[PDB]
Structure formats: C-alpha cells, structure tokens
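Summary of structural features
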Amino acid sequence: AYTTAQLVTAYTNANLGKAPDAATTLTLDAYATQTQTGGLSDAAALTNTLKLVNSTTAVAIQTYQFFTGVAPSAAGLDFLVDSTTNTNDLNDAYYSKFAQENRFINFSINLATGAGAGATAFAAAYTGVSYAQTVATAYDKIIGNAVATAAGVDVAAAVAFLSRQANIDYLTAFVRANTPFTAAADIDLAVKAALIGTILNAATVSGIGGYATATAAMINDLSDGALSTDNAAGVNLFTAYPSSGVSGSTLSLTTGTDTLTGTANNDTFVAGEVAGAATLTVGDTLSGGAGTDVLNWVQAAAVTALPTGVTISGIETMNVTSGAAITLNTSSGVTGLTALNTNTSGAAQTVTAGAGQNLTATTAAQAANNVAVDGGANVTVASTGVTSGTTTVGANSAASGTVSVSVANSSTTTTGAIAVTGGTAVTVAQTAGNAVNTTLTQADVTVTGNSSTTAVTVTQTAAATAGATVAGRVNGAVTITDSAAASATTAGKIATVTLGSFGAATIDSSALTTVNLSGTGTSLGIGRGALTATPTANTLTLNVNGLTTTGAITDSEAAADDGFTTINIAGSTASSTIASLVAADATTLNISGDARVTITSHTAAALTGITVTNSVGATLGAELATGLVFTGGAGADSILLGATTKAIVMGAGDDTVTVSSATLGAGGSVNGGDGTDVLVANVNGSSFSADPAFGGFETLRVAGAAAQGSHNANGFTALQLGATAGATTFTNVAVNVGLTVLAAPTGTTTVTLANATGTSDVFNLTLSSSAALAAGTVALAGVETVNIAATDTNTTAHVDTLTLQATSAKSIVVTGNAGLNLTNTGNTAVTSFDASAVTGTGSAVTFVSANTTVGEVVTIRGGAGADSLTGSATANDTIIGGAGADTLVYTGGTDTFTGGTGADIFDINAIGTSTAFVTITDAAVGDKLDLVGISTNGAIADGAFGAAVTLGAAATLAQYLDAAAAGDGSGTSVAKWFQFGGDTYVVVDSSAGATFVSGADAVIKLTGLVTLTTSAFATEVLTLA
Ligand SMILES: [Ca+2]
Ligand SMILES: [Ca+2]
Ligand SMILES: [Ca+2]
Ligand SMILES: [Ca+2]
Ligand SMILES: [Ca+2]
Ligand SMILES: [Ca+2]
Ligand SMILES: [Ca+2]
Ligand SMILES: [Ca+2]
Ligand SMILES: [Ca+2]
Ligand SMILES: [Ca+2]
Ligand SMILES: [Ca+2]
Ligand SMILES: [Ca+2]
Ligand SMILES: [Ca+2]
Ligand SMILES: [Ca+2]
Ligand SMILES: [Ca+2]
Ligand SMILES: [Ca+2]
Ligand SMILES: [Ca+2]
Ligand SMILES: [Ca+2]
Ligand SMILES: [Ca+2]
Ligand SMILES: [Ca+2]
Ligand SMILES: [Ca+2]
Ligand SMILES: [Ca+2]
C-alpha cells in the first residue's frame, strides 16, 4: 500500500526534480488507491509510475549509452533532464511539442553526427555499410535476437519493415529538411542515426531487450533519491546492473542411487537429507558440463568418507556441511574440482584436498575439537569460539598456494597449538575476545616453510593486564623455521616475516632480510641458516610500527657465526620501544622513517656509526661507546654520552644529550645543531659555556644519578631540573632565564643570578609534571618578583609542593592548572601573594605570610581551588579566595576577607582589638565562621543561637558591643550578634562585667545586613542559613 504522496516522490526523483502535472497526479492517485484495496500489488504500482518517466529520462540514459558507451552520471542527467542551468532541457519548453519518438530521434542525431561526443567513433564504425545491415545489426545489439524470438515477436518481419524503401524515403526527407546537412555522405550517415533511434524507441516501449531491461533498473535505483553506482565520469549500465537471467538447472539427490547430469551451464546439485537419511549414497554418479557447477552436501550426521561407487565429476565447487565431524579426502573420486569448502559447528575436521583445489575449512564453536587440514592449492582455515582445539595445516601434505589460518577464542582457557607446514606464503591470524576481568593466554604458533615459502605473518591480539575494565591477554610463542635452516648448502626461501604482537618469538632463515614488527612483544631471536659459506648480503631491515618489547631483539647468528653487519630500523605511523637490541656483528645502525623509535638498551660492541634520519626522531637510552659516532637528523633525537672521542652531531629539531662526564676526551665534541636543544648534566659540576667541545645548546638540565653541585648557567637561555644525587646550584644565571623543575631533586636547589643587585628582579620558576611534584627547596636570593607556574601535563588534577627561600621578594605570583602548597617560612619582604589565575576543580593553593613589618598592607589572592590562605598577626591582610571551598585565617590586625563563590570557611584564630578586627565583606548562605580559636573559656553555644541584639534608634557601636558582652563569659564563652550602621557584627564574650573588654572579648564585622537568625553553631562553627 503506497500512499499517493509516496508515488509522487518516486516520480519526482525519477524525473530528477520535476514535479508531475496535474493530470498525472490524478493518475498516480488511482494507482495508490488500487493498492490500498488489493486490486494491484506493490511492485506493480511502482513500475507504472516509473513507466511514466520514459520520455523524459529513459531517452537520455539509453541514447547516451548506445552512442558514447556509458550512461550519463547523475549530475549529468540533472543537466539533460531537469535543470536550472540548461534553459532548454528534456522536461522544459523547447521539447514540449516533440512526441516520444521524435525525442529519441533528436537525441540520436545530436550525439551521433554533429560535433557531438559520438561523431568520430560512429562515423568510422558505420561508414560503407548498407541500410539493411545497419538495421539488422542494431536490432541485434539492442533487442537481442535470441531473446526476441523466445519472447515470440518474429524478428524477420520487424527488420524488413524498418528497412523497407518507404521508410528510408521518409527519413531522408526528414533529415534533409530539419538538420543543416547538405553533403551526400552526412545525410546518409544521419539516416542510420535516425534508424537506430527508432529502434531504441521501439525497444523501450515493449520492455523486451537488454537495453530496456537495464535502463529500467537504473531508473528504479534513481527513484529513491540516490544513485548507488554514481561514478563521476559516467556509469556503464551493463557492468553495474547485471541480468544473468540464465542460472542453469537445479538437481536433487535422493536416498537412492542417482544418475544426475548437468546442463553445461550454471547448475547446482543438492545433497541434503530425506528423513534424516543422507542423500549422497552408494553408487551416486554426478556429472557437471560447463563451469558454473556447485554441489551442496548437507547432513546432520558426521561426514565420514565418500560412499562406495560414488563419482563426482565436472563439478567445480563442493560445499560440505555437517551437524557433527567432517573427515574427507578429495585427492580422488572427485575430478574437475577447483574449490572445496567444509563447515562444522562444534566438532572436529580432518580434511585433505587434491592440489588444484582451494580448501576452506570454516568451524564455529571449535571448543576442544581439533582442526587438521592437508594438501589443496590455496588453503584457508576460519575457526571461531576456539578453546583447547589445535589448528594444524600441512602436517602430511603442504599447500600448492597460500595458507591463511585465522582463529578466534572467547574462553579464558588457552588457545591450543597452531602449526603450519609449507605454502607459497603463510598467515596465521589469532584473536582474543575474552571478558573484561579475565585473562586468556593466546596460542603457540609454529610455521615451518617448505621450499616455496617466501613470507610468514603471525598476528595476535595485543597483550594487556587483566583489569576492572581491561580484558587480559598473554601472547603465544612463535617459531618460524625455513626448510634449509639446518643445511650447510641449500639456499633458504623465507625472506620476510611479519609479526603483530608475540611472546617468545624465533626466526631461523638464511634468506631473511625483512622483519615487520607491530604491537606487544616479549623477545625476538633471529638466527640465519647454518650455511657454511660466508654470507655477503648482511642487511637486516626492521620495520617497526607501534611496537613495544618486554625484552630483547637478538641476532642469535652474530655470536658464534656470521650475523648482520648493518641493521636498519624504520619506525612508522606509531611510536615504538625496543627494551633491548642485541646485535654483536653490527657495524652501521640507521634509524629512519616516520615515528619515534626508542631503543632502551643496545648491546652492539662492534658498532662504528649510528645514523638517525627519522622525522620525529630516535632515542637511545644506553650510553654510547666512547669510540662511537652518532649523527642526528631533523626531529628530537636523544642519547647518552660519556668521555667521547668522536664528533657527535645532533642535526635540526629539539635534541637532548645527557653527559656522564663533564669534559670529553681525545677530541671529542658534541654539537646540538639547529633548534632548541637540551644538554643534561649527569655530573658533579659543569661549565659548558667555557668548553668549545660543546656548542649549539640552549637549555641546561641537571638530572641523573650522579647529578649534583655547582653548574655554570652562562650562555643558556633556559634551565631544567630532574632527580638528583644531591644539592645542586645554578651560577651566572642571566636575566629572563627561568627554571623548570620536572621531578623531585635531592637537597636545596640554589639559583644565583648573573646580577641580583637591582630592585626589579624577576624570576620565572615552573613546576611541570603529570603527577604531584615535590619540588623541594629552591633558594632565590635577591629576586623581587617570583613567578611560579604549577603545571599539570595530564587531565587528572594534582597538588605540587615547594619550599621557596626568597628573602627579598615583594611579589609572588602563581599561575597554572595544578595546586601549590607553598612553604613560605622566612620570606618576610612579601606584601603581595597572587595565586588568582590558577585553574582546576581542586588546584588547591596553600599560603602563610611570613611578613612581620608592623602595620603592613599584605594582599593574599586565591585561585579556583579549595585554597588555604593565612595572613600575619603583624599585618592588615586583604585575603581573597577565588571559586571553591576557601579557608581564610585571621591572626591579628585590621583584616579584610572575601571568600568568593563556594562554601568558604572564615577561620578566626585571634581575638583582635576593638579597632583591629576582621571584616568579612561577602558572608553569604553556605559560608562558615569557625570560632574554635576564640573559645577562651570552654566552647561556644552549640545551639542555633539566633535572636539579634536590638538597641535604640541612636545606640553607638560602643553601646552595642557592651550590650552584647553583658553576660558572664568567665566559665563559658558565649556568642551574640547585632546590626549597627548597615553592617552585621558577631561577638564572643569571655569576660565578667558588661564591658566588652578589647583584650579577651572579640568582635567580627560582616559587611551588609546579614540575618543570622536561623543560622546554627556546628561544633564552634557557625554555618550561614
Ligand atoms: Ca533538478
Ligand atoms: Ca530548465
Ligand atoms: Ca538508490
Ligand atoms: Ca542418492
Ligand atoms: Ca553444467
Ligand atoms: Ca562443470
Ligand atoms: Ca645457525
Ligand atoms: Ca655459517
Ligand atoms: Ca661473529
Ligand atoms: Ca635532531
Ligand atoms: Ca638540533
Ligand atoms: Ca641549536
Ligand atoms: Ca658552549
Ligand atoms: Ca596530574
Ligand atoms: Ca635584587
Ligand atoms: Ca629574594
Ligand atoms: Ca592580619
Ligand atoms: Ca579558591
Ligand atoms: Ca571561595
Ligand atoms: Ca562564598
Ligand atoms: Ca579556629
Ligand atoms: Ca561580659
């Protein structure tokens, strides 16, 4: 049932956006309602709608294909049928008086004989052939000759009609009048164009013929809005929309003896069950003919063997499916067989194919069942739900072509062996799909090549540690062996090996040149064949990509035999890390490519050079030999040097050399090259500026297990600090040079500037870590403004710690996105602490002023964090928290508190006077007033204590105080409150008489009228309600 509003959309898209005339809307509506009532099926109604678009559209698809060899693309069609840009187009003004027929004729003549796209080709193809032949051959290509006769239209009566003399005379006159042709050749040529226009019309109106059937399917595809093929430079109808009406004949086996013979065509043979009794049975003989022949053998019972007297012949594909095990051998009885496919679900397989036959053994829910296959041309094993089951290929007979195993396991019980022997190329692809809190350990793989085996690939799922939401995987050992691995003379064929994760892996091949690594590895041991001949080509290419290793890549051959002299490592698309590289015969080492290669530790004593050419860079964690030359490229290369004897160059990009000894040797130099390069001093003191042996460095970092003592900063533009052996000092530090601390050092870090003597000295300290960093003590004698950045490198919040010793700093400014608890002891010149710019949920800043200048103005600013800001008893502190749960502490003097947004706590730890007291500017609902530290005698109220003290129209502040303290606070301190002159006050009475005594009784001012009626005392803690 189509609604009439669906048929109009189907017509619109067929007409490429032209909406139907009023008349036709009525026609479609009829087709809709005839489907609501079941007087017409669905597909019937939609066909008729698309038949209405014949003249507009079908005229452009069919003619373009016949003349230019391809149907116009959808974008193209838009232009010919319905467009803004072509003023005159098929469904527009110019053509509105041309019938269906004369539309096809028009298009034909345009594309064929003019400057049209087909002129040159059609002119050469149909020159010097007669009218009769023109028509007969064209009728064959369009309408089929066989097809037409079967459809029952008589071909000969039709072709004669089109070529009769009357007909040709009509067109001659037609073409002569209409087209601008006057030459006698061009008229003859245009007449043929008009005829094969006429034939296209006659085809598309009857629905017989190949052109009509294909074009119909393309308009149906164009119906729903989008064209599936839509190639940009045209779609060849016949390719994209296949007919293939012939499908040969379909033959059924019985529980008897069958004698079945195919059509020499696309025929298919069914060998199912009858009452649960097999239909491939004794004496059955099957015969195929031509090459589209299929036998489908399906049985509840286990396949066992071919039954007595059975002969299958001339059949190309055999499909065997069993409810139980399969055991068959097809090296005889079956002849002509190109493809064998065997299918189990939950039982064993034991299959042997003849060479020349492509085997495919698919097994679901393999469990403890074993797959074993042999022989065949290309073999494919596809095993899922695996568990204990061995997979084993070519144990008895190798494949002619490629092996391609793949094995999936969901279990926690471990994936059972996989062994392959032989094949041109081998791939074994394991996966692990176990649950989120389990560990599956994967399958041990063995591949043993025959003398055709050029390549081997062994992929697994990446290892991981079993977590809360991390699926755990351990990797299987892999063992790859070439035929000629044990031979003294025979060549060896395995050239390339690809791994994608692995446990304890081995290769052994004298023909090996390339290893491709990937994912998570334990160890690779490379041996070459025991060839006695001294090898001449000794280049290991080692392409890495996302590789990480527990342990060692070793050249097992190098030790007692002839290893690789040159190793090339090409890092690609992802970072790689090789825990250890052991290559005892290696001479050159070239690290190349695309993404970082890190070698944590190499053992390659005979190395004469290392050469990075890689874009991102290379890092080597092992200290180079004192004799060993190193050359960097662009990108952050990074090494360790000792008392080097050679000229080390680092190339462009931001490089990093760590030195274990302060002066080099022999001679014996290291140039950082272009870019900002770090020099790391793992030593007891340095003076790199002095030594011309070092050049091109910009940053000095003191970090390492031997890093310590006095270091000449001169000539460096930045400073860094890491973990250290002991107290470290930077001397001769230029102006605008900042220190970044990257890890906890040992002992006091002293910075002494080049010239500290001025009174506007600025230093930039940075703290930069992923985790909480205990920066320790840094001393900044003679600096007036100290800027601290506390930087978190990851998304998860932390709080850094620092003792600053800056005895002439007036300003401390804190920026960043992590918290800073700052020890401030003895920093007494500080009058401005500004942590206001700081940023996280909890980048918590702690500060306590060490200022003792009587009557000072000190300004303390918090950040977004839950900050803890304490003033000085000496000082008139202005304290301001930012966002978040700030604690502001009162110590003495005239203080001004502003906890911004959030549940702030105003912690009152001093009594004050009657003049020097704390004013809280913005006390609001949620803020607390901690009076624990003024409970001189006992501990406050504890109730909700909340009726304001009220006095007269002209009572003085002095009077309101005295009134509030009237009671006896000698044994037990009491809270009261009042509102005077537009501000709110709180009192603690700790005294006898009705005098508020300045000394021991306490007042706290709160800007504005804030009603504490309903607000309650926690312990001694008043929460504003
Ligand atoms: Ca349009
Ligand atoms: Ca138009
Ligand atoms: Ca479509
Ligand atoms: Ca039978
Ligand atoms: Ca056949
Ligand atoms: Ca055949
Ligand atoms: Ca060997
Ligand atoms: Ca040897
Ligand atoms: Ca050796
Ligand atoms: Ca470099
Ligand atoms: Ca550089
Ligand atoms: Ca440089
Ligand atoms: Ca220098
Ligand atoms: Ca962090
Ligand atoms: Ca100074
Ligand atoms: Ca200072
Ligand atoms: Ca104070
Ligand atoms: Ca804050
Ligand atoms: Ca706050
Ligand atoms: Ca607040
Ligand atoms: Ca307190
Ligand atoms: Ca009193």
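What the deposited record gives as its method is cryo-EM, and the resolution it gives is 4.8 Å.

Considering the overall build of the protein chain
Of regular secondary structure, the protein chain possesses 16 helices and 72 strands. A globule of 1025 residues ought to have a C-alpha radius of gyration of about 31 Å, yet the protein chain, at 46 Å, is considerably larger. Expressed as lengths along the three principal axes of its C-alpha atoms, the size of the protein chain is roughly 135 × 90 × 75 Å. Buried positions account for 46% of the 1025 residues belonging to the protein chain. Within the protein chain, contacts between residues at least 6 apart in sequence are counted, and of these 45% link residues at least 24 apart. For the protein chain, the accessible surface area stands at approximately 40,500 Å², while carbon and sulfur atoms represent 56% of it.

What about the nonpolar core?
Membership of the largest hydrophobic core comes to 164 residues, with the highest contact counts inside it found for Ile-480, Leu-499, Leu-524, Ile-569, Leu-931 and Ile-1004. Each residue touching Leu-931, except ones within four places of it in the same chain, is listed here: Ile-908, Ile-940, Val-986, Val-988, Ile-1004, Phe-1017 and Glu-1020. Counting 57 residues, the second largest nonpolar core, distinct from the first, contains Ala-14, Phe-107, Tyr-139 and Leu-227.

What about the packing of aromatic side chains?
All told, the structure shown has 14 aromatic pairs when counted by the stated rule. Consider the rings of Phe-897 and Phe-906, whose centres lie 6.4 Å apart with planes at 25°: the pair is stacked. For the residue pair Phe-897 and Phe-906, the accessibility class agrees, reading buried in each case. Here the aromatic rings of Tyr-960 and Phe-978 are separated by 5.0 Å at their centres, their planes lie at 15°, and the arrangement is stacked. Note that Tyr-960 is positioned in helix α16 (residues 957-964) and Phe-978 in strand β68 (residues 974-980), a separation of 18 residues in sequence. Summarising the burial analysis for this pair, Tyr-960 and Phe-978 share the class buried. Aromatic ring contacts, followed pair by pair, group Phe-66, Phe-67, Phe-122, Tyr-126, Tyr-211 and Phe-238 into a single cluster.

Here's the deal with helix α11 (residues 165-178)
Because an α-helix completes one turn every 3.6 residues, residues spaced three or four positions apart along the sequence face the same direction. Under the 1.5 Å per step criterion, the end-to-end length of α11 is 20 Å for 14 residues, consistent within 8% with the ideal 20 Å. Of all the positions in α11, only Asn-167, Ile-168, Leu-171, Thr-172 and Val-175 are classed as buried. The arc that holds the buried residues of α11, viewed along the axis, is 135°, so those residues lie on one side. The exposed set on the far side of α11, more than 90 degrees from its buried face, consists of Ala-166, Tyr-170, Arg-176 and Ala-177. Those residues of α11 that are buried are in contact with α8 (131-143), α10 (155-163) and α12 (184-204).

Description of the side chain of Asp-983
Relative to the helices and strands, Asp-983 is located in strand β69 (residues 983-989). Residue classification places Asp-983 among the buried positions, given a relative accessible area of 16%. For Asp-983, the side chain forms a polar contact with the main-chain nitrogen of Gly-1008, separated by 3.3 Å. Those residues in contact with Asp-983, other than ones at most four positions away along the chain, are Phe-978, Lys-1005, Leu-1006, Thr-1007, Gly-1008 and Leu-1009.

A closer look at the coordination of the calcium ion (ligand 14)
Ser-770 (O), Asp-792 (OD), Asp-792 (OD), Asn-794 (OD1) and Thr-796 (O) make up the full set of protein donors to the calcium ion (ligand 14), lying at 2.2 to 2.7 Å. Within one chain, the residues donating to the calcium ion (ligand 14) are spaced in sequence as S-x21-D-x1-N-x1-T. Owing to a relative accessible area of 36%, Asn-794 belongs among the partly exposed residues under this scheme. Residue class for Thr-796 comes out partly exposed when judged on its relative accessible area of 49%.

Focus: the pairing of strand β20 (residues 445-448)
The alternating pattern of β20 places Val-445 and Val-447 on a buried face and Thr-446 and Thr-448 on a face that is not buried. Bridge analysis of strand β17 (residues 418-421) against β20 gives four bridges, and the strand direction is parallel. What sits directly across from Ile-418, in β20, is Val-445. Taken together, the four bridges between β20 and strand β23 (residues 478-481) define a ladder with parallel strand orientation. What sits directly across from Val-445, in β23, is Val-478.

A word on the packing of helix α4 (residues 54-68) against helix α13 (residues 210-223)
The N-to-C vectors of α4 and α13 enclose an angle of 125°; their axes lie 10 Å apart at closest approach. With respect to each other, α4 and α13 are oriented oblique. Relative to α13, α4 is oriented so that their crossing is right-handed. Between α4, through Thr-57, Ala-58, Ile-61, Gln-62, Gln-65 and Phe-66, and α13, the contact on the second element is made entirely by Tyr-211, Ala-212, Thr-215, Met-218 and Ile-219.

Focus: the side chain of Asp-258
The topology assignment puts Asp-258 in the loop between β1 (250-252) and β2 (259-261). It is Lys-51 that comes nearest to the buried, bridge-free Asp-258 among opposite-charge side chains, at 45 Å. In this structure the side chain of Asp-258 is engaged in a polar contact, spanning 3.0 Å, whose partner is the side chain of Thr-254. Beyond its immediate stretch of four places on either side in the chain, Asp-258 contacts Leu-253, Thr-279, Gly-283, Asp-284 and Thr-285.

Comments concerning the domain arrangement of the protein chain
Annotation of the protein chain at the domain level lists domain 1 (53-240), domain 2 (247-337), domain 3 (346-475), domain 4 (477-623), domain 5 (635-736) and domain 6 (756-902). Taking only C-alpha atoms, the centre of domain 1 and the centre of domain 3 are 57 Å apart.

A word on the packing of α8 against α10
Look at α8 against α10: their axes get within 9 Å of each other, and the N-to-C directions meet at 140°. As summarised for this structure, α8 and α10 are arranged oblique, according to the angle between their axes. When the axes of α8 and α10 are compared, the crossing they make is right-handed. Taking contact as the criterion, the partners of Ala-132, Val-135, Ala-136 and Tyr-139 in α8 are, on α10, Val-155, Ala-158, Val-159, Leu-162 and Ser-163. Looking at the contact of α8 with α10, its residues break down into eight nonpolar, one polar and no charged.

Digging into the sheet that holds strand β9 (residues 334-335)
Backbone-to-backbone hydrogen bonds join strands into a sheet, with any given pair of strands oriented parallel or antiparallel. Taken together, four strands build an open sheet; the order of strands is β2-β4-β6-β9 and the sheet is parallel. Lying at the two open borders of the sheet, with one neighbouring strand each, are β2 and β9. Note that strand β6 (residues 311-313) and β9 share two bridges and pair parallel. Bridged to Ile-312 within β9 is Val-334.

Details of unusual backbone geometry
Cis geometry is found at the peptide bond from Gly-667 to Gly-668, where omega equals 0°. Within the secondary structure layout, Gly-668 lies in the loop between β42 (656-659) and β43 (669-671). For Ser-501, which is not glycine, the phi torsion reads 60° and is therefore positive. Here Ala-666, not a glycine, exhibits a phi torsion of approximately 25°, which is positive. On the secondary structure map, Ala-666 appears in the loop between β42 and β43.

Points about the pattern of salt bridges
For the coordinates displayed, the defined rule picks out two salt bridges. When the shortest N-O distance is used, the salt bridge between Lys-1005 and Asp-983 registers 3.5 Å. Of this pair, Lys-1005 sits in strand β70 (residues 1002-1006) while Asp-983 sits in strand β69; the two residues are 22 residues apart in sequence, bridging distant segments of the chain.

Thoughts on helix α3 (residues 42-51)
Taken together, the buried positions of α3 are occupied by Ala-45, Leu-46, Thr-49 and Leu-50. Buried residues in α3, looked at end-on, bunch into an arc of 135°, giving them a common side. Away from the buried face of α3 by more than 90 degrees, exposed residues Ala-43 and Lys-51 are located. On its buried face, α3 is in contact with α1 (4-14), α2 (22-36), α4 and α13.

Quick look at the environment of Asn-736
In this fold, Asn-736 is placed in the loop between β49 (728-733) and β50 (739-741). A C-alpha to C-alpha distance of 50 Å links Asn-736 and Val-515, two positions 221 residues apart in sequence.

A few points about the pairing of strand β63 (residues 887-890)
Burial along β63 is two-sided: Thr-887 and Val-889 facing one way and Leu-888 and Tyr-890 facing the other are all buried. As judged from the three bridges shared by strand β61 (residues 868-870) and β63, these two strands associate in the parallel manner. For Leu-869, the partnering residue across the bridge sits in β63 and is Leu-888.

Scoring rules and cut-offs
Residues numbered from 1 in each chain as written, not as in the entry; some residues may be left out. Chains lettered and ligands numbered in written order. Heavy atoms only, no water. Helix = DSSP H or I, 4+ residues; strand = E, 2+ residues; numbered from the N terminus. Rg over C-alpha atoms; globule rule 2.2 N^0.38 Å. Buried < 20%, exposed > 50% of the residue type's maximum accessible area, 1.4 Å probe, protein only. Contact = heavy atoms within 4.5 Å. Areas by Shrake-Rupley, 256 points an atom, 1.4 Å probe, with all protein chains shown as cover. Core = buried A, V, L, I, M, F, W, Y, C linked by side-chain atoms within 4.5 Å. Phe/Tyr/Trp six-rings, centres within 6.5 Å; stacked < 30°, edge-to-face > 60°. Expected span 1.5 Å × (residues − 1). Arc of directions from axis to C-beta. Polar contact = N/O pair within 3.5 Å; in protein donor to acceptor, adjacent residues only side chain to side chain. Donors = N, O, S within 2.8 Å, 3.2 Å for Na, K, Ca; no water. Pairing = 2+ DSSP bridges. Axes fitted to C-alpha atoms, helices over the stretch in contact; angles between N-to-C directions. Parallel < 35°, antiparallel > 145°, perpendicular 65-115°, else oblique. Left-handed = near helix turned anticlockwise from the far one by under 90°. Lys, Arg positive; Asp, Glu negative; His and termini not counted. Salt bridge = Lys/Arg side-chain N within 4 Å of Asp/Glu carboxyl O. Domains from an automatic or database assignment. Nonpolar A, V, L, I, M, F, W, Y, C, P; charged D, E, K, R; others polar.

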